[PDB]
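Scroll down for the structure; my scribbles are underneath it.
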There are 2 protein chains.
Amino acid sequence: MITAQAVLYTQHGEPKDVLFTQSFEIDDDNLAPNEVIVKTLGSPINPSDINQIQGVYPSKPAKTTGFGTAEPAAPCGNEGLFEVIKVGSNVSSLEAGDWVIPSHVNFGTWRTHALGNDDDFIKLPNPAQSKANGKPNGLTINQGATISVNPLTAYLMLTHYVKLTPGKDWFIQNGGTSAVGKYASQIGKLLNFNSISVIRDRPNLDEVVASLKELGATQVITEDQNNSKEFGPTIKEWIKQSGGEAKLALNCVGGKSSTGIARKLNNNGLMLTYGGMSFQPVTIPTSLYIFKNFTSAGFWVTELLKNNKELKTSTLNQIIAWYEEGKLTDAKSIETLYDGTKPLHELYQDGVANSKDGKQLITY
Amino acid sequence: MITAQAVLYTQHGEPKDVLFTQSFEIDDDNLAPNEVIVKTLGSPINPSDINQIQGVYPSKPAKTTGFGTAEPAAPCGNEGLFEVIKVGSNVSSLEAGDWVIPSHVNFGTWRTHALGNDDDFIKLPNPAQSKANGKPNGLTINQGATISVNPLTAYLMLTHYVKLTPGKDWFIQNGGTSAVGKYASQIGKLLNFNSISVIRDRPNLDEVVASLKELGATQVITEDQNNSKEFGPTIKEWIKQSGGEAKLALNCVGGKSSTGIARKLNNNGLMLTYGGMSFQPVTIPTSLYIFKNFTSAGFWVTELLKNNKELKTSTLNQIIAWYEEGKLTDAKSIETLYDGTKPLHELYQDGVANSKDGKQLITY
Ligand SMILES: NC(=O)c1ccc[n+]([C@@H]2O[C@H](COP(=O)([O-])OP(=O)(O)OC[C@H]3O[C@@H](n4cnc5c(N)ncnc54)[C@H](OP(=O)(O)O)[C@@H]3O)[C@@H](O)[C@H]2O)c1
């Protein structure tokens, strides 16, 4: 028997208020043929995880009594890296020691262990397997734990919608210091796309500009510069010198920021909105729609990959390969380790409260 | 030789300041192959016509000395109905007596005659031709003169982008009392598309509402109702009752209004923005793009039809057939005859000054 812990809530609300820890038992001596038990290695706290708990995110796990609660309760977290510890008699796709991520959203990754079917998981190579296969690197725990959402989001936005001519075309994105933003800059470099990252001003602005440039941003500007009529002709000069066009805007901010990046595209431009700060709506001047053949659409990786295992597979495989090859890098998570001395839900509550410090990964 | 008059301007500004009438000569014996001489029967005044005169609209006819002017001068009007009076050696498509509209924008329809190529025109049936093909009626001058823009825009917005299931599906539009608005309501009814028109409140609301419903708006709401979270479920009931979905939004207002009509669409909705009342950007909640698969695009009849004559004529053929099958009603213009009582440009100048009374048609 296994005494596991899960972070649950019986009612929607702010993580600081509604989360608790529930002890639950998994009978590892009673696996059905296709069942698998996994041990969590690490799971991050993403904004979507928080929005789920708050009740403002339209995709979420059902509240049930399955963790042994009196009242119906839901688990938390959508992304995570797990280690297979035992498999049922009919399981061939996974073996003990293997690394896996959930195959679907709403699995509940803020917990120590899970019991599921073999098809509830997707195998990733563990470091020993990458090394045995001749690869110069294996995945870190943070890389495996965050591979499912942000890297895939960047890659698909860049490649699945409009075709940028290598060596000349441009994308422009806001939220340039975001995890997605940082992956997009790297993928831009890898595919030879030019790009402009728009970021908020900050005390170490110049140092951040230089880091984003090292990742693959061609140019980095502030939101002030994005807003600026004075500065606008400088950006046109960059694009004209390249021989290419700005064809794609990636928006995770909304409001004025969205207006600014849209205005920087050439005719026939496409914006993809994948996020939104401060509840500020996407705001686009009428003239761009009418006179510049501008299109504005959405991106949600959960929905795009819902019924498209093949695209998911192909994309995930490219990200894995790039990690193994040392061609892609993750932003450094702040890791908090669960040892059983502080309730698990409190580790996640701290992580939510400390979101501003960096991406928070709870490890095990 | 034909003695003709044209409404010109030597430079951009307000129609009350800059327009004048120029008499010039059309040689109808010094001809060319593929050439066609036409007499104007009627031409309307549209906002875009005025926007060209003002020099704000980025598509306009060139300034030449070809009307016999001392300084370079541009003609006026993009829409009009004409009669062919003479053709060149190699013109088979057109014949004397035939009715025609311009093939393309920037024709200059605010004048008494024109010499163009036969590819410069598209044939419409004259009343005698329609009636000789067994039709109950033939087009009136107003119907032919005004056919090219507003009925086409509406027909095209409603049919060329998404397919609404007849007797089931809905579109929503703001600027409900606009000319386009009024055609869309009609065409919607003919195609058996359900529709919601949004209009501003006024003291004579009841009368405006009745007039729009007579034209075929299924439901008319105020912008206050458009703004209302409380009223949302009432609209959802309408749509469910019809066993359909709201798939399409037509925006010509922007700001809050654009936000409200977007929110009323079911998942996978499209907004087309074809105008923009006063300063207001297209403003769309992030959640719609991410969670509702919402797309926001532009519409500009000119650009869509620049290199698409098969689509242009196919749409005209349907408008024409409905016309005087007696199934479509034109918007009813206030006409003023160019009968020598006042100079030609003063006729147009008055219709611009008198835009608020309704659509102004100069006849000949
Ligand atoms: N639709 C999808 O498929 C999907 C998938 C992945 C991500 N997303 C979206 O992407 C965003 C988070 O992704 P992530 O994991 O990369 O987050 P992250 O690493 O925590 O980064 C968050 C970003 O948001 C910026 N930001 C915060 N408040 C802002 C404001 N008021 N104005 C402008 N920028 C602001 C931050 O800038 P600073 O560094 O200056 O603080 C930072 O760049 C969310 O909006 C999320 O919904 C959506």
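Values reported hereafter were calculated over all heavy atoms of this structure, with side chains retained and with hydrogens, waters and symmetry mates removed. Both ligands and their constituent atoms are indexed starting at 1 by order of listing. Sequence lines set the chain letters: A, B, ... in the order given, protein chains first and strands last, and positions in each chain run from 1.
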### Query
So which heavy atom in the protein is nearest atom 5 (C) of ligand 1, and how far is it from that ligand atom?
A:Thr153 OG1, 3.5 Å
### Query
According to the interplanar angle, ranging from 0 to 90°, do the rings of A:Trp170 and A:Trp238 count as parallel (below 30°), tilted (30 to 60°) or perpendicular (above 60°)?
parallel
### Message
To the nearest 0.5 Å, what is the distance between CD on A:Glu303 and CG on B:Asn267?
### Response
8.5 Å
#### Entry: Where ligand 1 meets A:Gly276 - atom numbers and elements under 4.0 angstrom, heavy-atom basis
45 (O)
### Task
State, yes or no, whether a side-chain contact exists between A:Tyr161 and A:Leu270 at a heavy-atom distance under 4.5 Å.
yes
### Task
Select the closest option to atom 16 (O) of ligand 1 among A:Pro151, A:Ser48, A:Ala179, A:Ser197, judged by heavy-atom distance.
A:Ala179
### Distance filter under 4.0 Å to A:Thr177 heavy atoms, resulting ligand 1 atoms
37 (O), 38 (P), 39 (O), 42 (C), 43 (O)
### Message
Is there a polar contact, in the sense of an N or O pair closer than 3.5 Å, between A:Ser278 and ligand 1?
### Response
no
#### Entry: Nearest neighbour in protein (non-hydrogen) for atom 41 (O) of ligand 1
A:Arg200 NH2, 3.0 Å
### Message
Between ligand 1 and A:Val253, can you find any atom pair, the residue atom being a heavy atom, that is separated by under 4.0 Å?
### Response
yes
### Contacting atoms of ligand 1, where contact means under 4.0 angstrom from a heavy atom of A:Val180
16 (O)
## Note on the structure
Going by the 4.0 angstrom heavy-atom rule, the piece of A:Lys359 near ligand 1 is side chain
### Ring centers of A:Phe107, A:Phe121 separated by less than 6.0 Å
yes
### Side chain B:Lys264, main chain B:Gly260, donor-acceptor under 3.5 Å
yes
### Residue B:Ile290 vicinity, atoms of ligand 1 by number, heavy atom under 4.0 Å
1 (N)
### Query
What protein heavy atom sits nearest atom 15 (O) of ligand 1, and how far away is it?
A:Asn150 ND2, 2.9 Å
### ligand 1-proximal atoms of A:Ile199, by part, heavy-atom distance under 4.0 Å
neither
### Task
Can you sort out which atoms of ligand 1 are near A:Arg202, meaning under 4.0 Å from one of its heavy atoms?
38 (P), 39 (O), 40 (O)
### Query
Of the options A:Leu250, A:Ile196, A:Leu248, A:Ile239, which is the one that meets A:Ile172 in a side-chain contact (heavy atoms from CB on, under 4.5 Å)?
A:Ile196
### Protein heavy atom under 4.0 Å of atom 35 (C) of ligand 1
yes
### Message
Just checking B:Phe291 against A:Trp300, ring centres under 6.0 Å apart?
### Response
yes
#### Entry: Sub-4.5 Å side-chain heavy-atom contact between B:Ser296 and A:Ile284
no
### Task
Apply ring pair (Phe, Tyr, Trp, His ring centres under 6.0 Å) to the pair A:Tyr9 and A:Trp110, showing each step before the final yes or no.
CA-CA 12 Å; A:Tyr9 58 91; A:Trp110 297 6; 9.3 Å; no
### Query
Do other residues, nucleotides or ligands put more than 12 heavy atoms under 6.0 Å from A:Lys342 NZ?
yes
### Query
Hey, is ligand 1 close enough to A:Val301 that some N/O pair sits below 3.5 Å?
yes
### Task
Would you confirm whether A:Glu207, through its side chain, and A:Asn204, through its main-chain N or O, come within 3.5 Å as a donor-acceptor pair?
no
### Query
Among protein heavy atoms, which lies nearest atom 48 (C) of ligand 1, and at what distance?
A:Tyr274 O, 2.5 Å
### Query
Can you list the steps and then say if A:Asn150 with A:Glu79 is a side-chain hydrogen bond (donor to acceptor under 3.5 Å, both in side chains)?
CA-CA 10 Å; A:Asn150 290 344; A:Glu79 174 155 60; 5.4 Å; no
### Task
Measure the distance from atom 33 (C) of ligand 1 to every protein heavy atom, then report the residue, atom name and distance (to 0.1 Å) of the closest one.
A:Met277 SD, 2.7 Å
## Note on the structure
shortest atom 22 (C) of ligand 1-to-protein heavy-atom contact is with A:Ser178 CB, 3.9 Å
### Query
Out of A:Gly255, A:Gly275, A:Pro47, A:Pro44, whose heavy atom is nearest to atom 12 (C) of ligand 1?
A:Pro47
